[PDB]
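Let me begin by presenting the structure, written as structure tokens, before commenting on it.
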Amino acid sequence: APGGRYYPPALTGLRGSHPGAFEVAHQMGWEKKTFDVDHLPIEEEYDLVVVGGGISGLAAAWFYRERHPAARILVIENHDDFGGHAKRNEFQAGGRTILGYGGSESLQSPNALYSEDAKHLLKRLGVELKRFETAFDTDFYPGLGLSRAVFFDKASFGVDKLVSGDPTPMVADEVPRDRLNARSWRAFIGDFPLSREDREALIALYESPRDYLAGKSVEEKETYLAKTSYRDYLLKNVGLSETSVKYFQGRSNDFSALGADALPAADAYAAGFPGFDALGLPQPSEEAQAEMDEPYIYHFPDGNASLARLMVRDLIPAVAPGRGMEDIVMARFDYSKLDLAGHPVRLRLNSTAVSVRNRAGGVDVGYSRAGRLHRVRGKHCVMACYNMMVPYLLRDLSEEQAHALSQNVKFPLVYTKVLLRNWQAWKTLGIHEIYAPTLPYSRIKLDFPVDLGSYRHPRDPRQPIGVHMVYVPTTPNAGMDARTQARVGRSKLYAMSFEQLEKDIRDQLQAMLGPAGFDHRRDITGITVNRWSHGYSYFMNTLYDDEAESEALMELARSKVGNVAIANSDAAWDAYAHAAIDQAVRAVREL
Ligand SMILES: Cc1cc2nc3c(=O)[nH]c(=O)nc-3n(C[C@H](O)[C@H](O)[C@H](O)COP(=O)(O)OP(=O)(O)OC[C@H]3O[C@@H](n4cnc5c(N)ncnc54)[C@H](O)[C@@H]3O)c2cc1C
Ligand code: HEM
């Protein structure tokens, strides 16, 4: 968008891993081109060079500077904005800003899951978690009488049908259970477009649970459920029909990046799926219960992009005024201040690192920016990029360590923001969120209502609002393992133009909201598609992976290489912001 201030959050259209962000990376990864910089002069010298400008890389710079207050630090990032998966999206509607989150969504169970170091970072940045108990408008949608709904599609169920009053409790649920505005299981499932037989079988799944593994010991049941997909468990042990289990296919797409065919039944049990109540399995532990019980309210209006923005402002005060969690939300960021010469911390966007080599007690780093190669030097280096990227960069890796890094196959996801002129159609249909079992977008919702800083969430159904929807390009029921579904999902996204992505959005919104007078051409006033082709870190999947071999690969992959330490959430095989922070802390301590 030339002619305006350099300001990525205001961009709409094809975002996430946008055109321009990945082309050099694919020249290495797909064509095996090597970009050597050993014959170029060193242009700049730092104490620390960080490859990758997501939460992990920014946390690496932050904890390094805490240990080394005078440190000169360069962060090299290939997207056009900092933050990695944590991106701020903006819309202009009716003279005001509407904020959305491009990716990394909320702080997950922070009281239970965030380490003392991560809590220390939040404290120093001015984030008081208790503020979200009032910032998050928990009773807003429930108090309007709205509920969650399931949209059955004609292609999979014979008819389009929206069924509201869903009582399903979700893993990370922002709605109190007594505020779901839901119906009984019998009344809810009674409206499903399924045969009477299938409807009775689903209702009995809730009303009359049975020990589908009768005879087995608890240990044998746990082993079986770790090795059996949720879908197969429902088919073979519960006995639901192939059409019945379709209702469950996409429910796990968002939180696991795969469908029920690739979800271990044991993981479905931990996530609160039905069918386990009479198996006699142990109740979840203290940690599992304290984590599951925390309200899912720790949501800045732009998601975890606020964490990245807080860190950038703390590292480079010239970029934006202010301090603390309230004024960050509408703070104005000046991107021309990110990379100023002589300044101790510099964040260099649109730059793909291509080479990392230990030399003479320091680290030489090559990168490509605007098609030209550059060479810089640090005493230390943190690889905070995608771990499968590291073997193409770090020239000092053993064959074994390079292979281990390559086994972290990340999952693709698409987080789409849609600006609507109004949300009367949602009010008329009595809904604030829709689950679609088989369609591309499995989750479609009015955005979380959060008031923070000077930002107020949209309130008036006659006025504009942001919608969030999740599309995961799974290939269900094909016999693929998880790594293959992930790679194939990326191939599917690579083949799709923005025009094809927009058609899927407009088609599905029109089919679901149209009966209430929605007109996609008239009522959609903005679309931002955050394409996270390399989204969640891989995670150990008991359907396909051996735990002992997987933990060994993970630990080998993140082994320090001279003065080069390895971070990113990938290094934990754990797709969370607190893992991104903790892996950076480990890497900084190693140096
Ligand atoms: C759609 C989505 C939703 C999520 N929601 C949540 C949530 O609610 N809660 C939660 O805790 N976590 C969530 N996450 C997990 C998320 O991965 C982490 O929260 C965190 O954002 C990851 O930070 P990171 O630094 O580990 O990785 P990233 O954010 O991916 O940062 C790595 C960066 O390195 C860059 N890079 C790669 N190669 C190079 C190179 N050669 N040179 C330079 N830079 C390079 C990448 O382009 C990227 O920008 C979500 C993730 C996704 C994809
Ligand atoms: C910051 C953005 C990106 C980076 C750094 C990046 C980097 C890479 C690398 C290094 C590989 C090789 C993996 C290996 O050999 O182990 C790869 C694979 C691949 N990428 Fe990307 N890529 C990016 C964005 C994208 C986008 C936007 C798409 C599609 C729209 C895409 C599609 C694919 C596909 C299909 C593969 C092959 C399957 C796989 O091995 O995962 N990538 N990417």
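By convention here, the first residue in the shown sequence is residue 1. What's counted below: heavy atoms across the whole structure, side chains too, no hydrogens, waters or symmetry copies. Numbering of ligands and ligand atoms starts at 1, following listing order.
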* Asked: Of the listed options (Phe82, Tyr415, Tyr114), which comes nearest to atom 1 (C) of ligand 1 when hydrogens are ignored and any heavy atom counts?
  -> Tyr415

* Flag for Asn350-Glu77: side-chain donor and acceptor within less than 3.5 Å -> no

* To do: Look at atom 31 (O) of ligand 1 and say which protein heavy atom is nearest, naming residue and atom and giving the distance to 0.1 Å.
  => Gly54 CA, 3.5 Å

* Sub-4.0 Å atoms of ligand 1 with respect to non-hydrogen atoms of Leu393 -> 41 (N)

* Asked: For atom 45 (C) of ligand 1, what's the nearest protein heavy atom and its distance?
  -> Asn78 OD1, 3.2 Å

* Answer yes or no for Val409: is there a heavy-atom contact with ligand 2 below 4.0 Å? => no

* **Closest to atom 39 (C) of ligand 1 among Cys385, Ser104, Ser569, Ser56 (heavy-atom distance)** => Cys385

* **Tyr435 six-ring face occupied by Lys445 cation (under 6.0 Å, within 45°)** => no

* Do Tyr576 and ligand 1 have an N or O pair less than 3.5 Å apart? -> no

* Measure the distances from the heavy atoms of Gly83 to every atom of ligand 1 and state whether one is below 4.0 angstrom. => yes

* Asked: So which heavy atom in the protein is nearest atom 11 (C) of ligand 2, and how far is it from that ligand atom?
  -> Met388 CE, 4.2 Å

* To do: Could you check atom 8 (O) of ligand 1 against the protein and tell me its nearest heavy-atom contact, residue, atom and distance included?
  => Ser106 N, 2.9 Å

* Charged N-O contact under 4.0 Å between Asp47 and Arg377 -> no

* **Heavy atom of the protein closest to atom 11 (O) of ligand 1 (residue, atom name, distance)** => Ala577 N, 2.8 Å

* Determine whether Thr416 and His468 make a side-chain contact, defined as any pair of heavy atoms from C-beta on separated by less than 4.5 Å. => no

* **Nearest-option assignment for atom 52 (C) of ligand 1, heavy atoms, candidates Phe22, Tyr536, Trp532** => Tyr536

* **Neighbouring protein N, O or S atoms of atom 21 (Fe) of ligand 2, below 2.8 Å** => 2

* Looking only at non-hydrogen atoms, which of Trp532, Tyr386, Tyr392, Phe411 approaches atom 14 (C) of ligand 2 most closely? -> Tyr392

* To do: Take the angle between the ring planes of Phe333 and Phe82 and call it parallel below 30°, perpendicular above 60°, tilted in between.
  => tilted

* Hey, is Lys410 touching ligand 2 through its side chain, its backbone, both or neither, going by heavy atoms under 4.0 Å? -> neither

* To do: Determine whether any heavy atom of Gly103 lies closer than 4.0 Å to an atom of ligand 1.
  => yes

* Report the nearest protein non-hydrogen atom to atom 6 (C) of ligand 1: residue, atom name, distance rounded to 0.1 Å. => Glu105 N, 3.4 Å

* Structure fact -> closest protein heavy atom to atom 23 (O) of ligand 1 is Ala580 CB, 3.7 Å

* Structure fact -> The reported gap from CG in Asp81 to CZ in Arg309 (rounded to nearest 0.5 angstrom) is 8.5 Å

* Proximal ligand 2 atoms for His79, defined as those under 4.0 Å from one of its heavy atoms -> 1 (C)

* Option nearest atom 42 (N) of ligand 1 (shortest heavy-atom distance, choices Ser537, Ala353, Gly102, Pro110) -> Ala353

* Residue and atom name of the nearest protein heavy atom (relative to atom 33 (C) of ligand 1), distance in Å to one decimal -> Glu77 OE1, 3.7 Å

* Asked: Does any N/O atom on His85 come nearer than 3.5 Å to any N/O atom on ligand 1?
  -> yes

* To do: Examine ligand 1 and decide if any of its atoms is less than 4.0 Å from a heavy atom belonging to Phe255.
  => no

* Structure fact -> Heavy-atom proximity to atom 27 (O) of ligand 1 ranks first, among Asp81, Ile581, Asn568, for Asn568

* Asked: Are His578 and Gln583 close enough, and set up right, to give a side-chain hydrogen bond (donor to acceptor under 3.5 Å, both in side chains), and what steps lead you there?
  -> CA-CA 9 Å; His578 55 272; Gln583 292 309 302; over 6 Å; no

